[PDB]
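Novice: I would like to see how this sequence folds:
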Amino acid sequence: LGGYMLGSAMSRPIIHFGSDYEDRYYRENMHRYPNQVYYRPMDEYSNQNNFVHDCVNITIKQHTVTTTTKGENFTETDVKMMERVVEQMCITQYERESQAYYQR
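Specialist: Numbers count the residues shown, from 1 in each chain. Provided below are the atomic coordinates:
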């Protein structure tokens, strides 16, 4: 875990799934959901979506695994839902730290 880092927090984003009900679905669960996302220090990774991709996957993982071991089976849809919301969160947390690189 401590080879990764958690950074700052934010409020939950808002992301349309193509179903006008699937969008509401996660809304009607959003009391919890992820609210912080896991990365590594800026070093070589430079991409847009591709920085986000692992950032998302590892956050999504840590937010699934423990929940699974509490008896809550997030389906494929529950997990894919989180991946979008974590994408926006990981852009935000990515960029927050790009600004701090420029600030040197």
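Novice: residue 12 in helix, strand or coil?
Specialist: At residue 12 the chain is in coil, as set by DSSP: H, G, I helix; E, B strand; the rest coil.
Novice: count the neighbours of the closest residue to it other than its chain neighbours for me.
Specialist: Using C-beta to C-beta, 6 or more residues apart in numbering and skipping the chain neighbours, the partner closest in space to residue 12 is residue 30 (5.5 Å). (C-beta placed from N, C-alpha, C; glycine too.) Residue 30 has 15 neighbours, counted by other C-beta atoms under 10 Å.
Novice: tell me if residue 30 really is in a helix.
Specialist: No - counting by three-state DSSP, residue 30 is not part of a helix but coil.
Novice: quick one: it from residue 15, how far?
Specialist: 11 Å (C-beta to C-beta, to the nearest Å).
Novice: top helix in the protein by residue count?
Specialist: Counting residues, the longest helix in the chain under DSSP state H turns out to be helix 76-102.
Novice: distance between it and the chain's centre?
Specialist: 5 Å (C-alpha atoms, centre = their mean, to the nearest Å).
Novice: which strands and helices sit next to that helix?
Specialist: helix 22-27, strand 38-39, helix 49-68 (3 or more C-beta pairs under 8 Å, 6 or more residues apart in numbering; DSSP states H and E).
Novice: ok, residue 15 - contacts?
Specialist: Contacts for residue 15 (C-beta atoms under 8 Å, 6 or more residues apart in numbering) come out as 23, 84-85, 87-88.
Novice: err, residue 45, not the other one
Specialist: Shown in contact with residue 45 (C-beta under 8 Å, 6+ apart): 51, 54.
Novice: try residue 56
Specialist: Contact partners of residue 56, counting by C-beta under 8 Å, 6+ apart, are 37, 83, 86-87, 90.
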